[PDB]
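Only one chain comes next, encoded as structure tokens, the form deposited in one PDB entry.
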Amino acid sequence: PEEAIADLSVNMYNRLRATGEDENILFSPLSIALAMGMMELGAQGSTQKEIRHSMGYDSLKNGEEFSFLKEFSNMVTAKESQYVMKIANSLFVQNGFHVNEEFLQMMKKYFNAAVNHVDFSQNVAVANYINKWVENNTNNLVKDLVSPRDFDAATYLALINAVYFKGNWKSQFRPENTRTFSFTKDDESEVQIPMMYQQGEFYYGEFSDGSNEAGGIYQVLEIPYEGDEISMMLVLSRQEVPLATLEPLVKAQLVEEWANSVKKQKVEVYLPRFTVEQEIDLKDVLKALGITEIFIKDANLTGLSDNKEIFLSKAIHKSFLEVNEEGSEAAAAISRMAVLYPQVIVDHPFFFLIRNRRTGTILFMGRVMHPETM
């Protein structure tokens, strides 16, 4: 299923949007699919069926849904001069519970995932340990994933999934051109943020918001990262229009269209320097999507443990994305065309995705409603 990746994130994004009112959104589809594969492989029977069924993998009989792991591994090993994607995937299991060795081996060899026995009854120690394991696997960029309170309830199994991404732009912004601009939130409040600026080669298109009214268009800007494979695609409504008017249009087919219609050209770009993050309770999100048996004592998890008491107490996902000026030098009568360069000023909320241009796969999807620090 090539397109299943796109639908996952698009579906997830609408869920998150549903329950997320007004907050930044950020998640990685690959990371989440990795986590769901771990659950799928751990589960058997009806438990496994809800997961495959909810994922739309009913008709996949030979493990076809695990093929995305290959590309995913490629990213974890990419050159740092292009980007860094740190991932922390782990199952934490109560000390003394047996884990099937075959499951353990698969996790290690194909999922870039560890299985860690811990004592969940020591709330502070276990939260501390989990946080340090996560920091250690993310260059200390993903912090405070869990809290002692997360283990107040009896827990025997927890799935932890985290990801940090930062890329080097193919065309750097120069820090001396970054200046304070005001950013207008969709509730009409304003905050001052560092607005990066450059004139450079991007992918740009204009698209109908569908109302066919005069002017009614939004902009799509794709900014390539060094190495030419990965890019950030920003979707920006006209200034007097809310992001929420564009969001319902978000679908795998539209993304395809953007990807194909945008054209490489000189664009003037004003982009905030910002970071965005989101921690999501995957248990919450998946329960709404049918997956519930894995989270109760009826769980059939014999794929991962012959222990009959065991179920998934906790499933956490956290993404952290950082955007700044950093990237490569730009390559040096087209100046006569300057009046025709499009202008994209990202000074209000925007939807974004990070994608591999060659494979089309979505590394991240989200939105920025608040670009401001803390």
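Just so we're on the same page, rigid core means the largest C-alpha set that superposes within 1.5 Å between forms. Quick note: we count residues from 1 along the sequence shown, nothing fancier.
There is another form of this protein, the form solved in complex with a partner chain, and it is not shown here; the text below is about that form.
- Listed residues 36, 321, 312, 43 were compared with the partner chain in the entry with it bound; 321 is the one with a heavy atom within 4.5 Å.
- Contact with the partner chain in the entry with it bound, judged by any heavy atom within 4.5 Å, is made by just one of 285, 267, 114, 126: 267.
- In summary, the region of this chain contacting the partner chain in the entry with it bound, judged by heavy atoms within 4.5 Å and restricted to 300 to 308, 143 to 151, 236 to 244, 115 to 123, corresponds to 236 to 244.
- Residues 72, 229 and 330 are all found to lie within 4.5 Å of the partner chain in the entry with it bound, as judged by heavy atom distances.
- Heavy atoms of residue 135 never reach within 4.5 Å of the partner chain in the entry with it bound, leaving it off the interface.
- At the 4.5 Å threshold, heavy atoms of residue 159 stay clear of the partner chain in the entry with it bound, well away from it.
- Taking the partner from the other structure, the partner chain in the entry with it bound has no heavy atom within 4.5 Å of any heavy atom of residue 131.
- In the entry with it bound, the partner chain lies within 4.5 Å of some heavy atom of residue 221.
- Here the two forms are overlaid on the core, and between this form and the one not shown the C-alpha of 106 is the only one among 241, 106, 267, 259 to shift by 2 Å or more.
- Once the rigid core is used as the reference frame, the Cα position of residue 148 differs between this form and the one not shown by 2 Å or more.
- Once both forms are fitted on their core, the CA shift for residue 250 between this form and the one not shown remains under 2 Å.
- Once both forms are fitted on their rigid core, the CA atom of residue 132 lies 2 Å or more apart between this form and the one not shown.
- One change in the entry with it bound concerns residue 327 and residue 324, whose Cα atoms lie at least 3 Å closer than in this form.
- By 3 Å or more, the C-alpha separation between residue 327 and residue 274 shrinks in the entry with it bound relative to the form shown here.
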